[PDB]
Amino acid sequence: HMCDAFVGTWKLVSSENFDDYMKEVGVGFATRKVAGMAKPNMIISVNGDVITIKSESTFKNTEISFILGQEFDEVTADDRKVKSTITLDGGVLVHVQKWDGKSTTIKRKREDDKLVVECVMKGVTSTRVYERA
Ligand SMILES: O=C(O)c1csc(CCc2cccc(Cl)c2)n1
């Protein structure tokens with residue numbers, strides 16, 4: 001029952017500062033523009049100890065499966081090859097990505113009927129709000 005409130009299909013409804021976040025991560029112009037235009041559906045499911053997060057959009061379809069606290073190698077939608085660890089901290093899913101001596105954290109939180117995604121690198125944050133599909 002660890003992630004019960006996150007499970008489901010969620011659709012993007014708002015975004016703030018995502019272009020700047022992507023600039024900080026190092027994403028190039030054309031990818032930023034097409035990725036920024038995406039309106040992803042995020043699909044979260046749990047089977048035993050294995051969590052799966054899919055993100056589907058006209059930009060890219062991604063899928064990760066993982067066990068909490070257990071690192072995995074990930075190819076991000078922007079084509080970074082990162083070492084990722086996802087943990088639950090106080091009811092927040094905390095997704096840390098390490099690559100080329102850099103780090104970024106993606107937090108996923110349930111707030112009211114929304115699923116809020118907060119993306120941080122260095123002092124640049126982006127907040128993206130999803131609603132049930
Ligand atoms: O709203 C989302 O699901 C969301 C926000 S950041 C993220 C990781 C994947 C990602 C996609 C495009 C550019 C970069 Cl730099 C990172 N996913």
# chains A, B, ... in the order shown; residues from 1 in each chain; ligands from 1

$ closest_atom_pairs --of "chain A" --to "ligand 1" --cutoff "6 Å" --atoms "only C-alpha atoms and all ligand atoms" --output "tab-separated table"
residue	atom	partner	partner_atom_place_in_ligand_line	distance
A:22	CA	ligand 1	15 (Cl)	4.4
A:25	CA	ligand 1	15 (Cl)	5.6
A:35	CA	ligand 1	12 (C)	5.6
A:76	CA	ligand 1	9 (C)	5.7
A:77	CA	ligand 1	11 (C)	4.8
A:78	CA	ligand 1	13 (C)	5.0
A:119	CA	ligand 1	6 (S)	5.7
A:128	CA	ligand 1	1 (O)	5.7

$ residues_around --residues "segment 98-111 of chain A" --least-positions-apart "4" --cutoff "7 Å" --atoms "only C-alpha atoms" --output "list in words"
residues 6, 81, 82, 83, 84, 92, 93, 94, 115, 116, 117, 118, 119, 120 and 121 of chain A

$ closest_residue --among "A:11, A:41, A:79, A:86" --to "residue 65 of chain A" --atoms "only C-alpha atoms"
A:86

$ closest_atom_pairs --of "segment 26-125 of chain A" --to "segment 12-18 of chain A" --cutoff "7 Å" --atoms "only C-alpha atoms" --output "JSON lines"
{"residue": "A:36", "atom": "CA", "partner": "A:18", "partner_atom": "CA", "distance": 6.9}
{"residue": "A:39", "atom": "CA", "partner": "A:12", "partner_atom": "CA", "distance": 5.6}
{"residue": "A:40", "atom": "CA", "partner": "A:12", "partner_atom": "CA", "distance": 5.8}
{"residue": "A:41", "atom": "CA", "partner": "A:12", "partner_atom": "CA", "distance": 6.5}
{"residue": "A:125", "atom": "CA", "partner": "A:17", "partner_atom": "CA", "distance": 6.8}

$ select_by_dssp --residues "segment 77-116 of chain A" --states "strand (DSSP E)" --output "ChimeraX atom specification"
/A:81-89,92-99,102-111,114-116

$ select_by_dssp --residues "segment 10-122 of chain A" --states "alpha helix (DSSP H)" --output "JSON, numbers by chain"
{"A": [18, 19, 20, 21, 22, 23, 24, 25, 29, 30, 31, 32, 33, 34, 35, 36, 37]}

$ write_last_selection --atoms "C-alpha atoms" --output "JSON list (two decimals), in the first residue's frame"
[["chain", "number", "residue", "atom", "x", "y", "z"],
["A", 18, "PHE", "CA", 10.05, 24.42, -17.02],
["A", 19, "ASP", "CA", 11.99, 26.05, -19.89],
["A", 20, "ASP", "CA", 14.42, 27.55, -17.34],
["A", 21, "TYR", "CA", 14.71, 24.22, -15.54],
["A", 22, "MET", "CA", 15.57, 22.52, -18.78],
["A", 23, "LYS", "CA", 18.17, 25.25, -19.57],
["A", 24, "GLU", "CA", 19.80, 24.59, -16.20],
["A", 25, "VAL", "CA", 19.90, 20.83, -16.87],
["A", 29, "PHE", "CA", 16.91, 24.75, -27.84],
["A", 30, "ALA", "CA", 14.90, 22.47, -30.14],
["A", 31, "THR", "CA", 14.40, 19.82, -27.50],
["A", 32, "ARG", "CA", 13.31, 22.44, -24.98],
["A", 33, "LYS", "CA", 10.72, 23.85, -27.34],
["A", 34, "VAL", "CA", 9.18, 20.47, -28.27],
["A", 35, "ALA", "CA", 9.43, 19.03, -24.74],
["A", 36, "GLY", "CA", 8.03, 22.16, -23.26],
["A", 37, "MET", "CA", 5.02, 21.94, -25.55]]

$ atom_distance --atom1 "atom CA of residue 46 of chain A" --atom2 "atom CA of residue 7 of chain A"
7.2 Å

$ atom_distance --atom1 "atom CA of residue 53 of chain A" --atom2 "atom CA of residue 112 of chain A"
20.5 Å

$ atom_distance --atom1 "atom CA of residue 27 of chain A" --atom2 "atom CA of residue 80 of chain A"
9.2 Å

$ closest_residue --among "A:38, A:44, A:124, A:50" --to "residue 5 of chain A" --atoms "only C-alpha atoms"
A:44

$ residues_around --residues "residue 45 of chain A" --least-positions-apart "6" --cutoff "12 Å" --atoms "only C-alpha atoms" --output "PyMOL selection string"
chain A and resi 1-10+51-55+63-66
